[PDB]
Structure formats: structure tokens, C-alpha cells
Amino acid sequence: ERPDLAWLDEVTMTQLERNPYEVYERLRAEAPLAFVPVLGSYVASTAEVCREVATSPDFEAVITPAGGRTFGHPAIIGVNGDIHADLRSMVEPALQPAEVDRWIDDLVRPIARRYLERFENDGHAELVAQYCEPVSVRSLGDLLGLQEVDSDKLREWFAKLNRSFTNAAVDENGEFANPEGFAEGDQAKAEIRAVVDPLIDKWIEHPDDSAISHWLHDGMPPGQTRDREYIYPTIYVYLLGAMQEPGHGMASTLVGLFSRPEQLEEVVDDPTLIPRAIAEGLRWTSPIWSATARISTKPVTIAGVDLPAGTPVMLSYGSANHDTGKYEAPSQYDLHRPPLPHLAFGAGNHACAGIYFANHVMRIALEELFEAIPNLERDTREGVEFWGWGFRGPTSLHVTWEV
């Protein structure tokens, strides 16, 4: 209904999945808060608007429509008040920095070595499938208590959940355009239940050091546990983004480094630059690109738009992280950018709970990769395609090295 934005009626879901940055460049200039018809929602595209909405007292969390169809209730990302406080209290212990520092090295480093050992003498690899994804999922899976679930299965689950969660397209009547696209998310959930229900049965009676056992038991009266239906949606939140994103982020960081060969060389020579390299990678291609949202709780005016109460706004943090109000030439990867604030972990009460853990997973993985293969090069015969609007990352990363 905004006349000057009639061009947005012609934006497609496929276009946004393939490459959302041209449309979002226009949005940041034309309408930092804009209703995108194919998404069925207002979208926040700039750093100022995303930060304002994420931190405003007049907004609260809401799950996106496709996210809710995928995860149900109470997903930690979609709830507020006492339920959110309890779910944050449940997930935070293992994520506390002092706690992560106690065990993160002995968790991730042997995992990274195990996956490297499989290919480090080959002279070629596709790092998304052979390294970045397995290390990310094996690390978190072991932390959670899912040691027995193979990395290939954790990877399949996150991919199916991604596609269902981001199945956001709506038709001319505001109805989901592709209802069949939720079926694979439902199938993943059914598989997850079949594996995890017996584990929860065991943990209720026999608590252990796994994170999910602690989710059941922590803070509960004697002999009581949180109901499994109450915790499953947050398990699904983990089995999508927490499993997927460290792998996404380390792979994007590698693509960015390969794009600046002098910078790759600096980081291989001086691995203390790895954290900076990662932070720039997350800004450059944000793993959680436009997955979350907030909803107004009263009438508000944001970026000149008067919103009624009850209005959802999607937080396109991956666009915010290319805001030219903040960054020069944001589509260029540059290790030597000054260490400015970014929105790849969101903001406010619903900001990422796992930042410290995620940063260490990616750091340790990259350290081990460069120690193992110091002469790592991108295989320039192959293209790198990035995919995703809700969650974004490279679909492959072919590399080569002299053996």
C-alpha cells in the first residue's frame, strides 16, 4: 500500500534466498522499515532500526510465521515474561564464559583434529561438508548429550529445519505459498523425537552432565523435571541455528579471507588474528541473516512509520551489517576494518545466549585448520555460492593445497 515502494510487489522469495543484498540496499535507502509483500511482514533493514526494535520497551519477541509453524511453543526465541526468564535460566549455565573456558578447548580441539585427520593429506576438500559443519554439530551435540547422533544426521536435521523455518513466502491472500515446505521440518521433528525421547526418559531418572539433562533438572524441586513438551521447542532452536551457525560463520570467514589473500596469509602466520577475522566474517555475511522478529505491544512510530500495536517486524541483521551509515564498502571483506559494533548476535533481552561459546568453537576450528594446512588455497576452478535469506552461508567451499 506504500506507493513509492510498489517495486517490492515484484520481489520474490527465490531472489531473496539467492541474494538479498540488492533489494536490501534499496530498502536501507528508501524505507528502513518496510512492508515486504512476499514475506508478509514489515522488515527492519538498517542498523539503527534493527537495534531500536530489538531493544525497545514497546516491542517484545515474536516468532516469525514459518518459524512458529516449525517450532511451536514455547520456543525461546518466541516467548517473553516469566516463560522466557525460565528458558534463559535453563540454557545459560553451560554458556557462561567462566564455564565455557573450563572445557571448550578439550571439547572442540580433539573434534577438529578428528575431522581434519580424514582429509588433511588429500590435497583437496569441500570444507563445508568435510569440516565446518561436522565440527560445529559434533561440538554442540556432545555438549547437549547427543554423542550417539552421528554428525551426518545432525547436519540433515539442521538443513531440513532451516528450510521449514524459512519457508516464509506468502501469496496474494497472505497465506503460506508453499505449505508443502513444512513437511520436511515435521519429518525432522518426528525423527528427533524418536531419538531424543529415550534419552530424556534416561536423564529424568539418571541425570548426567549433558546440557539437556541439566535443562530437565536445573532449578527444579526435588524429584521434578521440566516437562519434555516444554523444552522440545528450545531443543529445536538448538538443532537449527546453534548447530548450523558456527559452521556458517567459520565458512563465511574463510571465503572472506580467501577473497583477500594477503589477509589470509596474515592470519595463517599470526593466528591471534583469528577472532578479528571471524568478527569481520560475521558482519560480512551474517549467519543469522533475518530469522528473528519482534512485535509491537503498543502503537509506536519507527522510522516514520506509525505502527499499530500487534505489528511484527522482522530483524534483517544481515542487512544491518551492511549499513553504509556505519561501514565503508560493506560488501568487501576486510580484516583491518576497525572493531566496531555489529548485529550478527542481535541485541536486547533476546540477543544470542551462546556468543562466547560460538566464538570459541569457530576460533579453535580455524586454528586447527590453519595449523594442519598452512598452505590452504581456494580451488578457483569452483564457484562459491551463498544461499539463504533467513540463515545465510556458503553452500560449498572447495579448497586445494600442495601435498
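Numbering starts at 1 and runs along the sequence shown.
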| request: Look up the CA B-factors in the entry and say which stretch, 28-36 or 334-342, has the higher mean. | output: 334-342
| query | Once you work out the mean C-alpha B-factor for both 110-118 and 79-87 from the entry, which is higher? | reply | 110-118
| Highest CA temperature factor in the entry: which of 229, 186, 266, 245? | 266
| query | Which listed residue, 222, 72, 97, 241, has the largest C-alpha temperature factor in the record? | reply | 222
| query | By the record's CA B-factor, is residue 153 among the lowest, middle or highest third of residues in the chain? | reply | middle
| message | Ranking the modelled residues of this chain by C-alpha B-factor as given in the entry, is residue 259 in the lowest, middle or highest third? | response | highest
| said: Using the temperature factors of the C-alpha atoms in this entry, rank residue 286 within its chain: lowest, middle or highest third. | reply: lowest
| For residue 370, does the deposited CA B-factor place it in the lowest, middle or highest third of the chain? | highest
| What third of the chain, by the recorded C-alpha B-factor, contains residue 388? | lowest
